[PDB]
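In what follows, a structure is listed as structure tokens, so that the remarks can point back to it.
Number of protein chains: 4
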Amino acid sequence: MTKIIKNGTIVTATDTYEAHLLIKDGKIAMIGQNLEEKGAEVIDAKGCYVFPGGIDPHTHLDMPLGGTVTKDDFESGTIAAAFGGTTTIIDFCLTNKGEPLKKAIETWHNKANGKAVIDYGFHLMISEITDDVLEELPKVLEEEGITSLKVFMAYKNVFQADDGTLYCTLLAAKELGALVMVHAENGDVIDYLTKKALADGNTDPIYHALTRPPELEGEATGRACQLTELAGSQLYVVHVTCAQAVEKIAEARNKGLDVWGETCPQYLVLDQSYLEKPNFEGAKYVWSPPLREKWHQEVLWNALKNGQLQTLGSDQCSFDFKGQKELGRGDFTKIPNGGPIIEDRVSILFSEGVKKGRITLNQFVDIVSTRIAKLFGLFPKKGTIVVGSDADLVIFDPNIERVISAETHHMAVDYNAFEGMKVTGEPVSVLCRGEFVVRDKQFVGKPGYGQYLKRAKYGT
Amino acid sequence: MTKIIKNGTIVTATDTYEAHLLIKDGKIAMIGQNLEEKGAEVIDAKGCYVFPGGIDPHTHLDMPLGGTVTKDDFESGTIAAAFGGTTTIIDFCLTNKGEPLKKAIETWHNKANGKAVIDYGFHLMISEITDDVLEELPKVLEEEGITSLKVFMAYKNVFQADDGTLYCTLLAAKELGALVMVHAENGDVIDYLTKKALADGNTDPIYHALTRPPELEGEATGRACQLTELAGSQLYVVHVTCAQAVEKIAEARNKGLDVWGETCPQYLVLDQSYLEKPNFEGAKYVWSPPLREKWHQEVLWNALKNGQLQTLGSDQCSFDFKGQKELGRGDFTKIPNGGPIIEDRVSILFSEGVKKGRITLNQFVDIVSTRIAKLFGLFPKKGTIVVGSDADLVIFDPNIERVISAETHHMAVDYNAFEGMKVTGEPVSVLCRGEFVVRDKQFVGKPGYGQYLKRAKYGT
Amino acid sequence: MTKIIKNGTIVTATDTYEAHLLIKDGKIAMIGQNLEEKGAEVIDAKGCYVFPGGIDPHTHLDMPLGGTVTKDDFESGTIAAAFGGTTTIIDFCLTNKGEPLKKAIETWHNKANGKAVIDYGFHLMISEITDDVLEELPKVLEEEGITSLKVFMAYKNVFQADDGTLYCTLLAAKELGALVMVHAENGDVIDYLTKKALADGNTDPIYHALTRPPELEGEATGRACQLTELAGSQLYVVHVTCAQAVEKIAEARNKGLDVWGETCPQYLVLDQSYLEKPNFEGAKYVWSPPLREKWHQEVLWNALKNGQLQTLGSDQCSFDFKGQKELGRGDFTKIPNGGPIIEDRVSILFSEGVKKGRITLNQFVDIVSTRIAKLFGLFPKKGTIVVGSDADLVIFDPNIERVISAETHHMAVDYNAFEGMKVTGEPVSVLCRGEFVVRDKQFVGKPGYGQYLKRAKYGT
Amino acid sequence: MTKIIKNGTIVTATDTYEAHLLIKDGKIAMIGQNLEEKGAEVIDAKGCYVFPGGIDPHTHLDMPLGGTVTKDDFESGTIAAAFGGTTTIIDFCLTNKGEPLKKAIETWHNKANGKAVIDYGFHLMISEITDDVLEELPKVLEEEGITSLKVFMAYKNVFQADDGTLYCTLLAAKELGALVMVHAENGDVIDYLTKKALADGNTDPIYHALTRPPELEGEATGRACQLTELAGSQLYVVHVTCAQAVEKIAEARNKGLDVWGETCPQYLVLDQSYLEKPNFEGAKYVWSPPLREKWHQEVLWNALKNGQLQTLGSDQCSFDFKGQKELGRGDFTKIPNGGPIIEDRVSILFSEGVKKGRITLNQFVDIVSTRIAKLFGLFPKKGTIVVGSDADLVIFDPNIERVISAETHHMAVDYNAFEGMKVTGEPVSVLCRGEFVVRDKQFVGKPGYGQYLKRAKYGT
Ligand SMILES: [Zn+2]
Ligand SMILES: [Zn+2]
Ligand SMILES: [Zn+2]
Ligand SMILES: [Zn+2]
Ligand SMILES: [Zn+2]
Ligand SMILES: [Zn+2]
Ligand SMILES: [Zn+2]
Ligand SMILES: [Zn+2]
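Protein chains in written order, with the deposited numbering: chain A, 1 to 460; chain B, 1 to 460; chain H, 1 to 460; chain G, 1 to 460.
Right under this line is the structure:
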């Protein structure tokens, strides 16, 4: 059923113009001004921007971190993201050793199946390279568009992998045509620090941060790079936090190495102090890598501005401060890591970035949608507003001033890391593939509408 | 008179899709598929790409380098560029000390007046900062869209300016909203080297290169940067040649400094040896900075690939090998510097870059058009294929294999620096503002059709 | 019994003068010219240099690497070094997990006890940091002058330690006042490479080198540094081989970090090719890190010249090519790592370094004796020729040209890695604490004369 | 007349031991303990260190900076340095264009002739490279031991030289065997800044500093280096002040380039604030490069600690705050640059450096004496305490606590830049070539005793 979004200001990763969009088969049929066609529902976007739906490449929805599981599942999370201006997510499908990869992949397909309000895809976790694994990978690429393999350098005895596993993954990746993602923190050192902290009675939420200094993020990020170099493949460092890390990634890209960096709003806006703010409130901000000192934020922004860092992810991993977060009272190491971010990701960048001088209206769209779609083989189906691309759009209001509050967010968590934060700009209507998911700040989608996405081989 | 370019594959700096373009007021009216409108001339672009016309920010047309002047004037040069897929050029309007800036600006306007086949703009040369100059600059910005002021760090006693001049220019620029361009070569050292070379009988074309080692390009590029930092303004290093230079620019951009780098095909494809190839043929390749050792080419390409360098210019400055180039027989320093490049710029990057694995079809468009339009305030009038933008298009054939030959080029020079070079891809139809300038590899424009362009203040 | 070494040219790490040395209580009593004292044995050193005995901080004598043990034990090895101009060695006392440190320390004291011809000390290996270990360390410092604790980043499942162990060692070290030494190679990656090499039939000696690329040495050296920085202690990288490694150490020292680098002759003179030279001869050159490509040698020398690297060790670990080396025929990983170097260390540096333009006669003395004595708390007892210091001297002939041959060396190995090598300069008389150990190229010492050395706390 | 300094603790750049020195022909005859010889004056040094007299390579004594001349001439200055523990100075012999070099050299010889209390040498200033200059240089080396040529990159229209002059000097130097010294500050930029400062009424002493930002010192230092590289010669950057400069010099030495850095106490202890401290007092601290922000001091010390910087000079250039300094009341640019430092140089480094943890008792001697003697061809005549070397000694008391005060200093200036500064350690007896110049903190020398020094060709 044809639609026409008129009088809006279109803003792609490159262009900024005024025109109307004629949506047809759930795709953009044509762009121009004063469009008309009997029967079109004609949506009015006056005084609004029309962005390509956002893409969150860093999602953890039905993921289990402890005896508990994320408060937000694939259903709530999808809706949240939908309100936040995000219309496509790529969640991390976790893997267990010895167990066949297609096992996990189906487990995840079930988690998402019929509950997604918007489209999604997966990243495959890798904790070991077995002959059995090597045999599946190629299949995992063709059947199941999983073209991005992930690796934890931290989280000893839980996700961590030795450099040998990382290295062979990089090769396999280069060979098969996949992008290696990496959680760059020196697990082995963080481990001793963690143990000693506890051994000395330091259990408060803040020791979560002090127990893992930025030096260890930088160090890890470096190895990932050096190895990626040796292997001659491609790297994508997730959630770049400290300056040290930004630096390593900068050097890499200078050498022509195919390395990419990503960050998350929480690291751009919040900081280490929030972990001290008080009683047990700290736990609300416990996630890895830990929030750093306020000063790193600049470095991140500049990196974003000049290109050292090129994508923004949420690292969405919700846990009620109530039941969940409290699991680690007299033990910080027992606080489930993760924050409720999938919803305010886009907004915050526009507000803190665009609206304040950092980033450009175009850089914005690139950092939150396009660049990502490209790196993860979703372009041009996703990531842009052009004839042929899916009608994943966001009718955004750039002037509405508001305050982020858990009293308003649509995530199933009992709190919001950006509570009380004033923000300029807000999504008004968000549609995925020609169909509204959120019209006039009101939900109108249906769980199951979202469909899985097989992704390009890191090629066209 | 309405037109429709159908069945082409549209390729912007971001998008790559299939659709038709409905050209209206010399601008792009609308994009979509199966477009129709009685009376439209309907152009067929099957099996072709449709790029935003190229923009050459580095042009020297009616410029005089010696007792002689460039073989190509604004008329021939414009046509050449037109055939080469370039529809907008920004020539360097030279300045004389003590003489009022508006004097030169009009001299240039005359050189271009009624001879341009495509649109153009100017860069204002600066050899000194006088109170009189400071008074004109602001006017030079508002009246006359000249928002890019240029400086030579080399060419002692001819264009060169001390760091004080460079520094105050950077300030003035930051203040007024202009981009400072720089020819980064250590003129004072190159000078002694030059003199000594001659004093020892080394007069062949090759000593033009040996007389100015890449160390001096890097050194100069560094000062420009360090000073740009101190001043807190914006830099744009023209024709980056050696690795050393690329490096300095890389460091700058890492520090968040607002520095930009540009290169030219000749430095990407040719190399120092050509200056030895033989008799006097060397002089055909004499230009500054000099061609370096083959190995720097990689560095350049990687810089282009990863973003250290972001724009491609021609540095067009033609001289017949016959009369002109020969002016410096027993004296290389008397060979007029400059090469016939304005025509094959775009093609070479597509062929050597895109077609061979370096750059992307999108990076290509960015490096040759978009990125440039943006940095020099011509976006979105120029630099892209979108509703509202000027209909500056290029219907390109990506498969036609051919050989660059002066026997075929459309420049008024008796030779071509890329003679015999095999190239893949070629412009078939090039239109500026809805009107064909070159249809089916045949010229159909009219000198004077091209119009001057007032450019943005380094802002929207 | 008083002695007088006259007519020699004294060369310390700083001075170069002509005088006589009056040796008294096994120490240098006084320096001056035309010395006399009834009853003094008066040794004549005309046309000779008098260097402070060399100090080899990298020794593995009675060490066991496999079902076998080093061909040279503390007795032969001591004599060898004695002939080589080395009068003090610091061997690496290996440690086993769970087993008390003082156990090993005594095991070693036994290996050396009554067999040493010259003085010696120990380095304590660390494979784990236990509460039990933390309790002994302080004692290990006071009782037993062991002030240098060593860590293997490679040799997985044999010596290797995680970064946590390395990090806590660095702290303990900073706290206790010890120097952390490190074998910087990424064991986990070398491991997979090793396994795969075999899995593909690559078993020749050369795969020992290819199985462990310099990238992995640099990578490892980097971590060691970064961690040393975090901990704020002191590092000493043993056997720096590749450029990558030299670079990391250079960066560290630039940052003011207290990092030190050491190299060995074999890496300064031999290279990767020797591992291909032929049949099974390759095995003669198998040791870790592996010999690199000829070009790294320069980097090493420059590092040595300018100070990036400051000490020369042998990494003495002999194995008869016959029985021992052959243990790894169809399996390179089974070739015992180590080379017969303790004897030609000093000579080679003088010849290849001093005599050829690299290093200085003074730098020489510093790199082979003084600098080492200082870093390992043996100064000024050892490492110099000055009133009060032990009479550890070497009467060297700087002109004697000769050829290193196993047919002449005094090591118990059936071969010599520098066989056929022409060398200028040779030790004529070597005395430890006033007593000759080697007079006129003839052995005159007695096993047991050498005494253990308790070393300074990395202090005065 | 034979002398014996007994019971002292000898401290060279390498050694630290207890012995007696038998001084003979004004040189050190022999070292040992319990020395005796009828008729020797036997000096007692119990509880004292005995250092090799200090060497100040950065002196400006009878130099004229304006219509005025340094308050301290070669006589007073010599005595001052003598009290300060310095026994050898190398003053900068200034040069005028067009005027023959030997003219200036004799002018200087006159300034020093019969007024020096200790030994001295000269540096030859170079403001231009003429054929006439090229002819003298070689003579200037053989006749007149002037083997160090100096160049100002700042002080436009007064001492400044273009890069061409600097470059050819570097070559000449490499060729002839001289060391090029450089005052690294970007004169052309400092110039505009200076002019503008005045044009805006900023005339206070502090604008002397703000008028020349550290970016300009680093920039300049970089060129000197890059050029020194191109030329392949040797550089020696005088008075390294900011971090930026230290960095450039660090990079240089990393590349193996033969570059050296020097600093001065005032930059190690004082800082920018002193220029604001108040009324006109600021002028007391006006010298170039200007004092920087307190934080650079660390960088300097670390550079000194790790070796990025290797020598300490005074940059002595006294001017009575009264008449002289006041010449620039309403104009800072008219304040004669230079500070009264030749006397407390050594002491301050011992106190602030040695006594406080930075530097070593040995590093101390190296940084203030030895390293310098070596770089400027005075070793081993000067710079060490060894048989054969001149008896230039300093009997130092390491515990005497005191306060530096113009009320006590022996310089002819009406003030002291370190007034009120508490310092530990003080010279008790200073003798040059076996003769006391200062015995028991009391002057006993005679102007004229000091003799000129022809220096080595940057060789043995
Ligand atoms: Zn993570
Ligand atoms: Zn995550
Ligand atoms: Zn140019
Ligand atoms: Zn040009
Ligand atoms: Zn080892
Ligand atoms: Zn070893
Ligand atoms: Zn100076
Ligand atoms: Zn000076």
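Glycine residues also receive a C-beta, built at the ideal position from the N, C-alpha and C atoms.
Review point. Any idea if residue 88 of chain B is buried or exposed, counting beta-carbon neighbours within 10 angstroms, 16 or more meaning buried?
Key: buried
Review point. For residue 234 of chain A, which of helix, strand or coil comes out of DSSP?
Key: strand
Practice item. Under 8 Å by Cβ, that's how I've got residue 440 of chain A and residue 428 of chain A pegged, so tell me the actual separation to the nearest angstrom. Key: 6 Å
Check your understanding: Considering only the beta carbon of each residue, do residue 185 of chain B and residue 161 of chain B sit closer than 9 Å?
Key -> no
Review point. Going along chain A, which residues have a C-beta under 8 Å from residue 17 of chain B?
Key: 380, 386, 387, 388 and 389
Point to revise | Contacts around residue 463 of chain B, its chain only, beta-carbon distance under 8 Å, and the 5 residues preceding and following it disregarded | key: Only positions 1 to 460 of chain B appear in the structure, and residue 463 of chain B is not among them; the question remains open.
Review point. Name the chain A residues whose beta carbon is nearer than 7 Å to that of residue 192 of chain H?
Key: 164, 167 and 168
**Study point:** Limits of the alpha helix (DSSP H) - the one that residue 134 of chain H falls within
**Key:** 131-142
**Study point:** Residues near residue 72 of chain A in its chain [Cβ-Cβ closer than 8 Å; skip 5 each side]
**Key:** Result list for residue 72 of chain A: 61, 80, 316, 318, 340, 342, 411, 412 and 413, in chain order.
Check your understanding: Looking at the unbroken beta strand (DSSP E) that takes in residue 164 of chain A, where does it start and where does it end?
Key -> According to the DSSP assignment, residue 164 of chain A belongs to no beta strand (DSSP E) but to the alpha helix (DSSP H) extending over 163-176.
**Study point:** Contact list for the segment 300-331 of chain A against chain B, Cβ threshold 9 Å
**Key:** 301, 302, 303, 305, 306, 307 and 308
Practice item. Starting from residue 180 of chain B, trace the beta strand (DSSP E) both ways and give me its first and last residue. Key: 179-183
Review point. If you compare alpha carbons, which of B:176, B:14 and B:245 is closest to residue 136 of chain B?
Key: B:176
Practice item. Could you name the residues of the same chain whose beta carbon sits closer than 8 Å to that of residue 294 of chain H, not counting the 5 residues immediately before and after it, in chain order? Key: 271, 272 and 273
Point to revise | Identity of the residue in H:337, H:209 and H:368 nearest residue 56 of chain H by Cα | key: H:368
Check your understanding: Just how far apart, CA to CA, sit residue 259 of chain A and residue 217 of chain A?
Key -> 16 Å
Point to revise | residue 216 of chain G, DSSP secondary structure in three states | key: helix
Exercise for review: Write down every uninterrupted run of the beta strand (DSSP E) in the segment 376-440 of chain G whose length is 3 residues or greater and which is fully enclosed by it, in chain order.
Suggested key: 393-403, 422-432 and 435-439
Review point. According to the Cβ coordinates, are residue 250 of chain B and residue 297 of chain B closer than 9 Å?
Key: no
Exercise for review: Helix, strand or coil for residue 56 of chain G, going by three-state DSSP, please let me know.
Suggested key: Shown here, residue 56 of chain G sits in a strand according to DSSP, grouped into three states.
Review point. Cβ of residue 238 of chain A versus every heavy atom of ligand 2: is any distance shorter than 8 Å?
Key: Yes, Cβ of residue 238 of chain A sits closer than 8 Å to a heavy atom of ligand 2.
Practice item. Please classify residue 400 of chain G: is it buried, with 16 or more other beta-carbons within 10 angstroms of its beta-carbon, or exposed? Key: exposed
Exercise for review: Within the segment 308-387 of chain H, note down every full alpha helix (DSSP H) run reaching 4 residues or more, in order along the chain.
Suggested key: 345-348, 361-365 and 371-375
Check your understanding: Any C-beta of chain H sitting closer than 9 Å to the C-beta of residue 189 of chain A?
Key -> yes
**Study point:** For residue 260 of chain A, three-class secondary structure by DSSP
**Key:** Residue state, collapsed to three classes: strand.
Practice item. Check residue 188 of chain B in the structure and name its three-state DSSP category. Key: helix
Review point. Which of the three DSSP states, helix, strand or coil, is assigned to residue 33 of chain G?
Key: coil
Point to revise | Limits of the alpha helix (DSSP H) - the one that residue 207 of chain H falls within | key: 206-210
Exercise for review: Output the distance between the C-alpha atoms of residue 116 of chain A and residue 110 of chain A, rounded to the nearest integer angstrom.
Suggested key: 11 Å
Exercise for review: Examine the Cβ distances between the segment 9-16 of chain B and the segment 371-385 of chain B and report whether three or more of them are shorter than 8 Å.
Suggested key: yes
**Study point:** CA nearest to the CA of residue 438 of chain H, picked from H:240, H:82, H:190 and H:252
**Key:** H:82
Point to revise | Local Cβ density within 10 Å of residue 199 of chain B, reported as buried at 16 or more and exposed below that | key: A residue is called buried once 16 or more other Cβ atoms fall within 10 Å of its Cβ, and residue 199 of chain B, having fewer, is exposed.
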